Each structure stands twice: as C-alpha cells, then as structure tokens.
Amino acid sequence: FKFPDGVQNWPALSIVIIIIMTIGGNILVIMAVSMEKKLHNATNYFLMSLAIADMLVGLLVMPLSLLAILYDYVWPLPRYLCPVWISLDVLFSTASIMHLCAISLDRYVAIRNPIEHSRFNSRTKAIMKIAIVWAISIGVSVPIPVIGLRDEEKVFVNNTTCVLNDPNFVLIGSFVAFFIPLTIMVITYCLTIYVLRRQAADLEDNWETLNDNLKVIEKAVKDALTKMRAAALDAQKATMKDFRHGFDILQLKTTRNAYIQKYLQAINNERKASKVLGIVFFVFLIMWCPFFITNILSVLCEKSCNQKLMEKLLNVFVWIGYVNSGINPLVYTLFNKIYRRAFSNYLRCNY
C-alpha cells in the first residue's frame, strides 16, 4: 500500500478526488436522513442504507482499485487480500442495484393492492426490507472468498492482476446480481408511473377544466360558468368526507386555494418523487451498461475478438460505474430542497 517504491502510474493518484467526493457526498446523505425529521420515512431510509453502500464503495472498493492502477494492475498487496476485495466489490455493488430495485418494487406494491398496513409501522417495515437486500447481497458475495482462496486462478489473471476470472460465476451471477434486479426495477418503475398517471388524470382533467374555464371569466360566460360546475361534478366522484362535499359549495378562486390545493400539491408531490427516482434509476442503468455490455460481449465471442481491447475498455468502464456511487447525493441536492438545504448547512455550520 504505497511503498511507494514500484509505482508506475502517478497521475492516476488524481482519482483520489473521485474517492473523496464519493465518501463525503454519501456521508452528507447519512447525516441528512439521520437528522432531518421531514426525511424520516421508508423511501428515505432506503436512500440512507444505499448511501452506506455507496460510501463503503468509495471507502473500501475504490481505494484498492486505484492502488492496482498505480502499479499497472500488478497486485501490490498480499495475495489473500485480493479475493477479500473482490467480494467487497461484489457485495456493495449488488447492494446498490438491490436497493434501487427494492425501492421501485416497494413503491409499486404500495400502489397495487394498497391494503391497510395493519401489521407493522412504516419505519420498522423498512428495517426488514433493508435486511433482505443486505441478506441477498452478502449471499452473492460470500462464495467469492471461498472460490478465490481455494483456487487462486479464479481471481488472478496471468498470476499478477487481481480480477474475477470464474466464467460460470460471472455469468450466472451477472443475472442474479444485475440483470434480474435491473429487469424488475425497470418494469416496476414504468408500471408504477403508468398507474400513477391514470389515477391522477382523473382529478387533474377535472381540475384543469375548472381552472381553464376560470380564465375565460377573466378574459373577460353562461356556458363557461356551467363548464366549471360540470368539472367539479366529475371531480367529486373520485379522490376524506370533507373532499366530496368540499367541491359542492364552490370569488371562486378562494375555494380552490382553501381545500383543492391540499390534493393538488399531493399529486404533484408524487409526480416529483417519480421524477427523482427515474433519474436515479436510469442514470445507474446508463453508467453501468458500458461495463456490463462490454463484459457480456466479451464472452459471446470466446475467440475472434480483440480480448486485449476489451480489458482496456473495461479498465475505464468500471470507473464510469464506480463514479455512480457519488452521483446520487448530487441528484438529491438538485431535486429536493430538504437535502440541498441540509447539505449546505453541514458543509458550513459543521465543516
């Protein structure tokens, strides 16, 4: 570990900046979800446990990858330390996709069959769901120290570079640890975003007409006045008892701000959450695709392919996937005033 004698790529040390921003960024997420009241809920507990995995990627996987780059991918640490790092790489990377898939799956199940959650509270129900995503993650990574130490060629190429080299494990494992959870996250997300739009459009299309027909009354009628009573007529047929009669009493603009905005902001809130999750989901998908494509493209042709080129591309493609462990705290800041406000305060009033 930085002898320093023997190092062959000193400008690679500049990747430390990537490492520092991946740890500190997710630390702030851990601080925010731990301290902010308006962030204490199942979805944001998922993000904290996710930030714990992404912080441990930058804390335990990124530094030992950088060290290998510094020695031209000739493993500089003891040989037993290679399969330990490979399993820590697999564990925390799987925990990332397993968190995103669990968020999208729980959000989908929360919408289809929203039965009265009478068994446990939301805080404690989240704890079990976080336990299964870590239980699976440990389950995928725990064979690797066995396979690697029992047979060192499964984790060493050319007896020098430390990389996972078991084709059966890499193939089957890529399905269990990446392809299946990614397939679930995409379908559940889109299916969720389809249900949410159909149910919101029920009230929205009635609330949109009443609003538009109010503009013509300020243009500036007996057809536009009855245009607004028919709007609320269909709105009050779907939404608790204070809502049905709430429209039946509706100068008009004051009633809209009095009680309609209670649900109007509620639906917009659900829309803003689907926006953030989709960006987090599909940026994760996009930043891991080049590595996974190039990898699964490297075994579809055993020969007839430039294997030397594949490895060189994968050296860069793995860090495109790694940088994703730092991207999530940035995304929260851009799209949520609670994270952005807490982040600026932790950077100032604490640091």
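We number the residues from 1 along the sequence you see.
*Asks:* Checking chain continuity here. Are there deposited residues lacking coordinates between residue 250 and residue 251, and if so is it 1 to 3, 4 to 9, or 10 or more (or none)?
*Replies:* Unmodelled stretch: 10 or more residues.
*Asks:* Checking chain continuity here. Are there deposited residues lacking coordinates between residue 220 and residue 221, and if so is it 1 to 3, 4 to 9, or 10 or more (or none)?
*Replies:* Gap size class: 4 to 9 residues without coordinates, per the record.
*Asks:* If you average the CA temperature factors over each stretch, which comes out higher, 32-40 or 314-322?
*Replies:* Between 32-40 and 314-322, it is 32-40.
*Asks:* Could you check the entry and say whether 251-259 or 270-278 has the higher mean CA B-factor?
*Replies:* The deposited B-factors put 251-259 ahead on the C-alpha mean.
*Asks:* Choose from 294, 304, 49, 26 the residue with the greatest Cα B-factor as stated in the PDB record.
*Replies:* Largest recorded C-alpha B-factor: 304.
*Asks:* Quiz for you: based on the deposited Cα B-factor, which of 158, 236, 192, 94 is highest?
*Replies:* So the option with the highest C-alpha B-factor is 236.
*Asks:* Splitting the chain's C-alpha B-factors into thirds, which one does residue 134 fall into?
*Replies:* Ranked within chain, residue 134 CA B lands in the middle tercile.
*Asks:* Ranking the modelled residues of this chain by C-alpha B-factor as given in the entry, is residue 175 in the lowest, middle or highest third?
*Replies:* Its C-alpha B-factor, which the entry lists for residue 175, ranks in the middle third among residues of this chain.
*Asks:* Residue 99: which third of its chain by C-alpha temperature factor?
*Replies:* For residue 99, whose C-alpha B-factor we compare with every modelled residue in the chain, the answer is the lowest third.
*Asks:* Quick check for you: using the entry's CA B-factors within this chain, is residue 246 in the lowest, middle or highest third?
*Replies:* For residue 246, the deposited C-alpha B-factor lands in the highest third.
*Asks:* Compare the C-alpha B factor of residue 345 with those of the other modelled residues in its chain, then answer lowest, middle or highest third.
*Replies:* Its C-alpha B-factor belongs to the middle third of this chain's values.
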